[PDB]
């Protein structure tokens, strides 16, 4: 096809192991999640992939995934662009809580409701929240307006703030002929995939992208996929 686009979702974080809600909390990769990034990188290397520009979030689990991939394909010299708009979904007041704490405080019914909803956000991260200053006062978000910096996000919100970056910064690069690599998170990449494929809310909520696996799109000049997304790796993976 005219264009080729590659996505990669970061693997396991240190908080995944604690089964806590990370969201915008900047958890690093676990050793195993770092190895996942190494395997992805290796798959891209074995297939001879070349990029011209890379996009990632401002969260280190994604950024470190990118670094690991560039290292494996010997393209550390590529231009890299970071943006909060590709950050994981903001889980608001749930941030820092584990599974038990969440069901204990809110009940199974309510957590099931948050889980299955496209457009209901979790509770806001208020100023007395233990990670409030850690996230909302981090200088990396200093250029954000009041309306841009979320206290919490529905999946709809996450996608809504990811897609402007896609349209305004990545899309022109692709049409300029640049080969793009995006290293980001489950839900921001869900935003990109929902847009590319014209998926429904129902469909996108049932889509779980695998972690650490290069995801390959073949796009026409209008950035319409010409075939289903392909996963890159050995046969078992």
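Numbering follows the first chain given and starts at 1. We call the rigid core whatever largest set of C-alpha positions still superposes within 1.5 Å between the two forms.
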Revision key, fill the gap. The stretch that moves more in 9 other deposited structures of this protein, judged by RMS C-alpha distance from this form after core superposition, 161-169 or 92-100, is 92-100
Check your understanding: After a core fit, does 119-127 or 80-88 show the bigger CA gap to the shown form in 9 other deposited structures of this protein?
Key -> 119-127
Practice item. Take the C-alpha B-factors listed in the entry for 25-33 and for 196-204, compute each mean, and give the stretch with the larger one. Key: 196-204
Revision key, fill the gap. Comparing mean C-alpha B factor in the record for 47-55 and 61-69, the higher one is 47-55
Point to revise | Given 165, 91, 118, 84, the residue at which the Cα B factor reaches its maximum | key: 118
Check your understanding: If you compare 76, 97, 113, 104, which has the highest Cα B-factor in the entry?
Key -> 113
Review point. Split the chain's modelled residues into thirds by Cα B-factor; is residue 8 in the lowest, middle or highest one?
Key: lowest
Study note, to complete from the structure: The third of the chain into which the C-alpha temperature factor of residue 17 falls is the middle
Revision key, fill the gap. Temperature factor at the Cα of residue 80, chain-ranked in thirds, falls in the lowest
